[PDB]
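In the form solved without the partner chain, a lone chain appears below as structure tokens.
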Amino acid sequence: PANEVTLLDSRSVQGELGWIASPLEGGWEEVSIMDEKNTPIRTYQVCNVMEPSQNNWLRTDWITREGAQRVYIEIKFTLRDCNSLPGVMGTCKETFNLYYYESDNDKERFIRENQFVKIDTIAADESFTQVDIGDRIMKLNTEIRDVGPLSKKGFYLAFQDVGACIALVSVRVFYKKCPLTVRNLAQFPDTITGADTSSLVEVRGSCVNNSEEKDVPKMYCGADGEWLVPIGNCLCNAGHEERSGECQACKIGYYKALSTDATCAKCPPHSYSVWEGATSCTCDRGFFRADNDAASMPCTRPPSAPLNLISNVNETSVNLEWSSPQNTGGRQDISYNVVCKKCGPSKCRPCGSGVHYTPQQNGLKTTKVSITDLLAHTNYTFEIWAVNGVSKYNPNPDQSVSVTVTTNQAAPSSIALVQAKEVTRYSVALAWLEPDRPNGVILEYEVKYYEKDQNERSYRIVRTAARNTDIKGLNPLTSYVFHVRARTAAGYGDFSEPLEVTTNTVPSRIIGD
């Protein structure tokens, strides 16, 4: 596996591994066993089970420990049951002994007779047998033992047969490491396991490119080569976000302003980021951000012109009313500034004075202002400007609309004749005269209507340029009241006397059928 590093494998070793036996003859014997396919595997067998005592040694070649302290030894072997051999009770054994000795000499010519250390007496437990199909062996035992802590450049493994009936099929020697990994944006290197089978090796992580440490990244390498639960983390730098084990630049159109931010966010309305790894979003053309700001908050724009600009005049005092613009851009910080003028295109200077202008004349949150005390018979002109937190960045006169007005201009008279031209079950067509004395240019007419009955009465308004209108979508057989008034730059005339019209049962020709 990725957590094991093989120091020796007898099955890999080609062509007579070869191993020192003592005695050289009559002890452990090398013989090749045939697998399913392909090549032979060198094994060692002895079954000297009729002898009173046996001491047969077999020793590997020198094995480097590399950097390992704790080394594992996996032995696969077969064992013939003493009971299956006739009359060998008392001589025959079911175990063999395993030893090692550490050495800096990789060239030892003879098996040592003293300095070895016993790893264990190895027994085969029957119930743990495996079927090995590859080498054609029905009952194979596998036992693993471990040694350490190892301090020298290498070591020799030795097998002592005391009188068993045994074939050593394979020997694999290895150490364990926790494999290279990335955890919480910190890299942890391949780490050789500790000195004992219980050891934990503390490893400090390194921040990946390109991120910064938040809390010191640390993780334990367990002796089984598994990492334990890490602590600490690194955070992706601004303009980057965690993907896989890496901090990758924010994708086009996306941004991350601070390292403490989780992931990349798409640029908010009317801002964009044209480069990867963006920490900011450039405002779109015609769009801005106020000094009081969040780069997460969308860019905004100066509003459109205020709507339904309506003038009323009384003597020298001009009262004005308007409505919120169609496009705020948008923000709720909108306010209005009024602009006075005197002309009658060229020149038209400010009319500068100490006038009011009540309540404000600038930075105004309401839709009304009353102007008082300016001079009497002259044409003035007003611009009402819709303002917001931006527009100091791009002021334009189309953030305002104008009304030309004449002071001391009288309001128009009332209408005094309004007629129902055609009545159907759902509609009333109206027509009316111009007022006797418009006293100026008529800008539009307003029809006001409602149900005669006060309960469930809804007041509605229709505006028109012409002197007629068709009021549609009404209740049938229902009594309604209509009034009309005209507007000029001097304001509204008084409404006409009420005209009462009851819808009838005449079919609608629009609906047909």
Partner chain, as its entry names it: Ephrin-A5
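Positions refer to the first chain, counted from 1. In this text, the rigid core denotes the largest set of C-alpha atoms whose superposition between the two forms falls within 1.5 Å.
Gap check for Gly344 to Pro345: 1 to 3 deposited residues are absent from the model.
With 263 to 271 and 218 to 226 compared on mean CA B-factor from the PDB entry, the stretch scoring higher is 263 to 271.
The stretch with the higher mean CA B factor, choosing between 109 to 117 and 327 to 335, is 327 to 335. Among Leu157, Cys247, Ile371, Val203, the highest C-alpha B-factor recorded in the PDB entry belongs to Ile371. Per the PDB entry, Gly363 shows the highest C-alpha temperature factor of the residues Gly363, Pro412, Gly163, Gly148. When the modelled residues of the chain are ordered by their C-alpha B factor, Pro23 lands in the lowest third.
Ranked by Cα temperature factor within the chain, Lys452 sits in the middle third according to the deposited record.
The entry lists a Cα temperature factor for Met34 that places it in the highest third of the chain's modelled residues. In the PDB entry, a CA B factor belonging to the middle third of its chain's modelled residues is recorded for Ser211. Placement of the Cα temperature factor of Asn504 within the chain: lowest third of the modelled residues, per the deposited record.
The form deposited with the partner chain bound is left out here; the points below concern that form.
For the three residues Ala305, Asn396 and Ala489, a heavy atom within 4.5 Å of the partner chain turns up in the deposited complex in no case. When the partner chain is considered in the deposited complex, only one residue from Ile415, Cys165, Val387, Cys340 comes within 4.5 Å through any heavy atom, namely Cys165. The contact with the partner chain in the deposited complex, taken as any heavy atom within 4.5 Å, belongs to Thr78 out of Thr78, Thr300, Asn184, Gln160. Contact check for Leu85: a heavy atom falls within 4.5 Å of the partner chain in the deposited complex. Residue contact with the partner chain in the deposited complex: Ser32 places a heavy atom within 4.5 Å of it. Under a 4.5 angstroms non-hydrogen atom cutoff, the partner chain in the deposited complex has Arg42 among its neighbouring residues. Contact check for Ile63: every heavy atom lies farther than 4.5 Å from the partner chain in the deposited complex.
Judged by heavy atoms within 4.5 Å of the partner chain in the deposited complex, the contact stretch among the candidates 469 to 477, 456 to 464, 53 to 61, 34 to 42 is 34 to 42. Here the rigid core is superposed between the shown form and the other one, and of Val147, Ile137, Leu98, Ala124 the C-alpha of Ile137 is the only one to shift by 2 Å or more.
With the core superposed, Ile442 shows a C-alpha displacement of at least 2 Å between the shown form and the other one.
Shown in the overlay between the shown form and the other one, fitted on the rigid core, is a CA shift at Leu474 of 2 Å or greater.
In the core-superposed comparison between the shown form and the other one, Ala465 has its Cα shifted by at least 2 Å. A shift of at least 3 angstroms pushes the Cα atoms of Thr129 and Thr121 further from each other in the deposited complex than in the displayed structure.
Relative to this conformation, a decrease of 3 Å or more in the Cα-Cα distance between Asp35 and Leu98 is found in the deposited complex.
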